[PDB]
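A short worksheet on the structure shown next.
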Amino acid sequence: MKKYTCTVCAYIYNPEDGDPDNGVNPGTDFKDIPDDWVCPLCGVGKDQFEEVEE
Ligand SMILES: [Fe+3]
């Protein structure tokens, strides 16, 4: 699974860690996060995130 970055603030969503305080368990692929989830740091939506291709 790939890491995704918030292009507004640079937060990184790591699928290994998830975002458990907001209901996103470890092991959740970014595509499967509920589409009303927002960046935990800056509050923007998923449409401002991009795949971290390496
Ligand atoms: Fe952000």
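Recorded method is X-ray crystallography, 1.5 Å.
Here the Cβ of each residue, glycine as well, is placed from N, Cα and C on the backbone.
Summarising the annotation, Swiss-Prot assigns Fe cation binding site to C6, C9, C39, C42. Positions annotated as N-formylmethionine by Swiss-Prot: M1.
Mapped onto this structure are the features recorded in Swiss-Prot.
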residue : record                 : CB count, 10 Å
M1      : N-formylmethionine     : 12
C6      : Fe cation binding site : 21
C9      : Fe cation binding site : 13
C39     : Fe cation binding site : 20
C42     : Fe cation binding site : 12
Entries of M1, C6, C9, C39, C42 (recorded positions) sitting next to ligand 1, with Cβ under 6 Å as the cut-off: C6, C9, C39, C42
Among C9, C39, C42, which are recorded as binding-site residues, the nearest neighbour of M1 (N-formylmethionine) by Cα: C39
Three-state secondary structure, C39 (Fe cation binding site) (per DSSP): coil
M1 (N-formylmethionine) - helix vs strand vs coil (DSSP): coil
Cβ-centroid neighbours of Fe cation site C6, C9, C39, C42, 8 Å, sequence order: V8, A10, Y11, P40, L41, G43, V44, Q48
